[PDB]
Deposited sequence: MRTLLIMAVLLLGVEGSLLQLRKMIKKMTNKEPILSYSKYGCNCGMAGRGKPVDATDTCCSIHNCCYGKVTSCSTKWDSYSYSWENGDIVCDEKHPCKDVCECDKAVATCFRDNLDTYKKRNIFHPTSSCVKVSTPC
């Protein structure tokens, strides 16, 4: 669920997830990604687009932490959603080096909207 994703983002990045990532660039919370962090969201949106069995927003899944990584429970019916969320939270962590707070106020008109992002 979205509530779990937020927890994953908070632990992966140490940032408050709503302020920091719910509205970032052109893809987070929604065009061509403006940077690496925005690309994480682009990939995440596409990942969610392949989910058929569960509600990406509403359904909860099962996971753990092992040695710095998120491990999705393979037995859970919504494990594909977990994998999407694991990947975006990890991707955010891996791109904090170029994260820019100015991208939270990114004007949608500046986004070059593409036809096939996935």
Stretches of deposited sequence not represented by any CA atom are 1-16, 47-49
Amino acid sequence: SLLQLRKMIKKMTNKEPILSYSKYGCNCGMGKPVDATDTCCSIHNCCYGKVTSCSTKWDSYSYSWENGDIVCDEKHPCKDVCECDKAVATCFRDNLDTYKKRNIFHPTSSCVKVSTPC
From here on, numbers count along this sequence of modelled residues.
If you average the CA temperature factors over each stretch, which comes out higher, 42-50 or 89-97?
42-50
May I ask you to compare 57-65 and 75-83 by their mean CA B factor in the entry and name the higher one?
75-83
Lowest, middle or highest third: where is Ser22 by C-alpha B factor in its chain?
middle
Can you tell me which third, lowest, middle or highest, the CA B-factor of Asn103 falls into for its chain?
middle
Assigned third (lowest, middle, highest) for the C-alpha B factor of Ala36
middle
